[PDB]
Every structure is written in C-alpha cells, then in structure tokens.
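Next up is one chain by itself, shown in structure tokens, the form deposited in one PDB entry.
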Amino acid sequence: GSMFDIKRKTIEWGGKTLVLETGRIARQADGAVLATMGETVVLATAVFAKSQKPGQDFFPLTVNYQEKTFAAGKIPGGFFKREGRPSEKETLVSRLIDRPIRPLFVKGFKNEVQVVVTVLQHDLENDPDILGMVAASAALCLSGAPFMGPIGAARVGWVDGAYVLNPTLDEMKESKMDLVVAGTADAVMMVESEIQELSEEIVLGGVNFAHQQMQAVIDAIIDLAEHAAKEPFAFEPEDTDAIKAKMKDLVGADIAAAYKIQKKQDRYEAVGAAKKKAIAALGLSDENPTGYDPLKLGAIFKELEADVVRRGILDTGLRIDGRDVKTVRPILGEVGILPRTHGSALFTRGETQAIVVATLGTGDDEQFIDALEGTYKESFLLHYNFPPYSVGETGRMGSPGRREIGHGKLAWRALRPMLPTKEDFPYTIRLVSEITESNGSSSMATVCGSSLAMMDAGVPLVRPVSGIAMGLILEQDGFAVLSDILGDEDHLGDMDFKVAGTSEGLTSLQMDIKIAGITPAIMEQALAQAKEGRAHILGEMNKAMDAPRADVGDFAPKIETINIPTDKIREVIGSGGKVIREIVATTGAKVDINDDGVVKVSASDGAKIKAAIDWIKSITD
C-alpha cells in the first residue's frame, strides 16, 4: 500500500505470459522494470547523468547483463562460491543489448547512461536473454532519457519448415536456426544468428517474422510508459545543418580532392590538416571572429568527412582504394603453415590477415560451462585474438575484451553447424585465430582461415565455410551496397552486416543497422551481392585446400569410436575391472565405455587403437 505500481501483466506473447512491473523495486533508478516471462524473471534498470562531463566527445553508454546462480537454485561452482567476472554468456548478452539501443539516443546526447540487467529466476525453458533485451528497453523508456521509441526483440527458430517464436530451450533442440533479432516499430536494428545451411529467403523471412512478432511487446512497453514513465529529460538536438553547410563551403574539395595518398594511411596526415584548418577560422574564442564551440566542431567535422565520402561512392561508383562496390580484394589461402600443429592456415584478403590453428583434443580438454540452465560440456572452442600490431598500433596486451569475445563467437556460430557429429569424429576442437593484419572483417578472415585450418587438421567438415563483410550506403535518392568493406568504410554505412555460410546455404548472418528504412527489398539484394562475394571467396579459398585431409596430423592423438551391446559391458569391464584394465595396460589405449555401449578408444598410434578394438570385439562378437 506504500509504493505505487503500475504493472502491464498483459500480453500473452507467442502464447507465453509476459509481465512488465514498475514502481515496487529500485525506485531510485531513473527507470526500473521487473519483467517476467512465465516463471523466468529479470530486473532491468536505467540510470542517466543529468549533465555532461566537461569535454565528453562520445556517448558513454554501458550495459551490464548479469546472472545470479540463485536464479536456478544453485550456488556458484568457483573456489569462492561467489559470482565474479562476466561469463561468455554475460559478455555476449550485454553486447546483444548494447548494439540496438546505442544508436537510438537522440543526436548529440553524450551523458552517462547505464543499464543493469540482473537475471533473478530461470525456469529452465524461456531464456532470460530475450526477456533481458525487452526489460532493458522498457526500463530505458520509462526513465525519461532521450531514447527513441522502445525496441522489441525475439528469437526465431525453424522447426517443421515453419518459423517458431521464442522457442523454448527444449524446442531449440529441434530447430535448424537460432536467430535473435532486435529493432523498433519502424526499423529492424540488430541481427545475430546461427543457421543450419538455410536459404537467404528462409533467413530473411525469419528476420521479418521477428519484426512483426515483437510489435506486440513494443506496444506493451508504450502502454506502460504512458501510465508510469517519468517526465522526459529536456534535451532536444541541435540543427547542425546550419554550421555544417558553412564547413562544406571551405573544406568540401579540401577533403574530397585528396584523402588519399593513400599510404602510409596518411591519409591521416592530410586528414588532420583539413580538420585543424576548419577548427581555427571556423568559429571559437576571443572572439573576434566568433564563435561556435571549439569542441563541438570536431564532431561536425567527422560527420562532414563521412558525408563527403558517401557521395563520392554514390556518384561513380569507386571507393577510397581504387575499387568497385562489387570488388572483393585479392585473396590467398595457405594451409599447413605450421606443419607440427594439428592444422594450420594463413588466410589473407587485402590488408586483413589471420593465422588460424586447429588443435584436436580428447574429453579431458573439453570445456565446463556452468550455465544457469544446467551445466554443459563444450567440445568446440574458438578463440579470437586482436593484437594492436595488426593495425600498426601499440597497445595493452592480455585477456580478451568484449569485442574479441564477440568476434570469436561470430566465427564460432559460422563454423559450428558444419562440424561432424561426435560419432563420426570424437575429438574436441580448439581453433585459435590470430589477427595479424586488419582492414575490414578480421572475423570473416577468422571463419575462412578456420575452414582451412580444420581441413588441414583432417576434420571431416560436412562442407567448407566462407565469410564476407558488407556495407550499405543509403541516401534518399538511391543506395549502394559495398562488398568486403575496409576499416574506413565501417562507419559510413547506415548498415553493416557480416555473412558466412557454405556453398549451399547460410550459417551465420549478423546485422547492425544505424537508421530506418532499410526495406526488405534492399536487404534481399544486399544478401544476394554477399552471396556472390562469399561464393567468390570460397572459390579462392579452396584452391588452397577444397576437401578435408584423409587423416589427422602425425602429432594429433587418435580417437576412434565403436559400439557394443549394452548387456555385454559387464564382460568387457570384467570383475572390477579385471579385463578392461588388462586391455588398457597391455594395448596402451584409453578405453571409455559409457554407457549405451558407446566405447571410444584413444592413443597415439592408429595401431594401439586397433589392438584395443580387436581385443574388445573378440569378447563381444
């Protein structure tokens, strides 16, 4: 009877029951939502500074998704029994939330914003990640911060050749696609996916499927905001078009005219030149003449640079390097570069390069993951490393940051679906990708190098995988779609996207979108051009390799697998374990019988393994 919520218990969303509550908990945050999606509960908070730090210069947004093991009725596994540094899940999901909302803050807003999402209860069916996205969105636009429309989110699956909305953990066991999507009422904003070799049509279909489905939730949020959101924080942007045109009136040609040596990316040299030029004589202090903030001109400059380029590409047709929109950079794959490593590749495309090395392991090498939804054992590990020398800079080394965890994850999603099944190949695989040069999708370079490194390693990959990173320039009067984008091209795009798959379908599509009006018709085309690119890349790729090696490396351990009758396990293990010990001692192979009668035999020889297997079969057949 104290406190005053205010709930939108409403919505049955995908036939699952979603509650949005505010005004009971954390009433001191700017906005705070306790969201429930039938039995899974998360708390999301938004707080924002009511003023700017002296010379900010960039928008300082922070998102913390965090899981508490009590949400699953467990105590942490660590030696400390307390949750600590974020897990892979926590890192990824934070990014998942960050990505769509970041570019939805009103132009020029650069006050501290922080979103904490804490998962409080996990029902073992509805993943708290999507719920987490929704609750964050809700909290934000309840806070009164200048944050444009609410967003919604959804996960799309593909079972029985049909789209399924927010598939439960169990339903996902059945699905040929894990697609997460976030966007507003107007624009779809973020896509992250893992796909079982499905068609562009299928995938893009699921993108629109989500975009419709999630509207229910966006409406629900807008409803709760109208009963309960705060007074908007007064901050309207600044018509910069005024001063911006009066900058074009000077450094228009002065920039255009010459980036653009190029090399030694300086480029930077002429660039800073132009910057400083407009800076003084543009407008500032004492006084005499003017006027117009000295710091705020910096941002107006980068916007103009950005602009200038785009138009250059829109109107014939050629990009900063001398190349076409459709042109992929020269490519060279090269396998077995580190002959004693289980598998190795060098993949180079233009000025992006990755050394990738496969390593084969046994059961003792697979990774324990203390998931909220119950602990699992991960046998495919991919680690992505982005050292500063790759871009010709110096910088702090040591322990992956978010970006590296993300890119790793992307490449991981790309490759996983092509891995052979346990039965066929009972090894754990760890790929490490070392980005040694970078100028536009090192992550794609990662997937391609991995495809090769695995083949070198002798992994019966069902089909090899390629990746390309794309951009899209969109003006009111027309649009360009860019293939294999440069570093300098990353920010010009209204939308950046990365596609990887096989010669028969997509396996991962990721999309980041900055502005509304990227119409399903444009997206169709974007993908089709990428189809052509990854196809070409694959072409160039498998002239290095083209199919998996017959065998694992001479340094790789040998694991082979065999099935025996369940009622026979007692005779092979023997009276505790008299027989099997003798087999393991004598043949010198590890023999794991577990329990369905699936025996996996390992050793350094092929012979030791066959010696063992022969022994067992004489007892069984």
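Start at 1 and count along the sequence shown; that's the residue number. Between two forms, the rigid core is the largest collection of C-alphas that superpose within 1.5 Å.
For the segment pair 38-46 and 559-567, the entry gives 559-567 the higher mean B-factor, averaged over Cα atoms. Mean CA temperature factor is higher for 306-314 when stretches 306-314 and 394-402 are set side by side in the entry. Residue set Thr587, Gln28, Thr62, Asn594: peak C-alpha B-factor at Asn594 (per PDB entry). Listed residues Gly132, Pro339, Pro520, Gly458 were ranked by CA B-factor as deposited; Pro520 comes out on top. In this PDB entry, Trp412 carries a Cα temperature factor that places it within the lowest third of its chain's modelled residues.
Per-chain ranking of the deposited C-alpha B factor places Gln56 in the highest third.
The deposited CA B-factor of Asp249 belongs to the highest third of values across its chain. Ranked within its chain, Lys107 lands in the middle third, by CA B factor from the PDB record. Ranked by Cα temperature factor within the chain, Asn166 sits in the middle third according to the deposited record.
Absent from the display: the form solved in complex with a partner chain. The rest refers to it.
Only one listed stretch (310-318, 94-102, 142-150, 495-503) carries heavy atoms within 4.5 Å of its partner chain in the bound PDB entry, and that stretch is 142-150. Among heavy atoms of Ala229, some come within 4.5 Å of its partner chain in the bound PDB entry. In the bound PDB entry, its partner chain sits within 4.5 Å of a heavy atom belonging to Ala225. The closest heavy atom approach of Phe425 to its partner chain in the bound PDB entry falls outside 4.5 Å. At the 4.5 Å threshold, heavy atoms of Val106 reach its partner chain in the bound PDB entry. In summary, among the residues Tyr292, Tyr163, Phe233, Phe479, the only one with a non-hydrogen atom within 4.5 Å of its partner chain in the bound PDB entry is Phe233. In the overlay on the core between this form and the one not shown, a shift of 2 Å or more in CA position is seen for a single residue of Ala228, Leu120, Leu104, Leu250, which is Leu250.
In the core-superposed comparison between this form and the one not shown, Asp364 has its Cα shifted by less than 2 Å. Here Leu332 does not count as shifted, since its C-alpha moves by less than 2 Å between this form and the one not shown after the core is aligned. After superposing the rigid core, the C-alpha of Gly78 moves by less than 2 Å between this form and the one not shown. Between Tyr259 and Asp477, the Cα distance is smaller in the bound PDB entry than in this structure, by no less than 3 angstroms.
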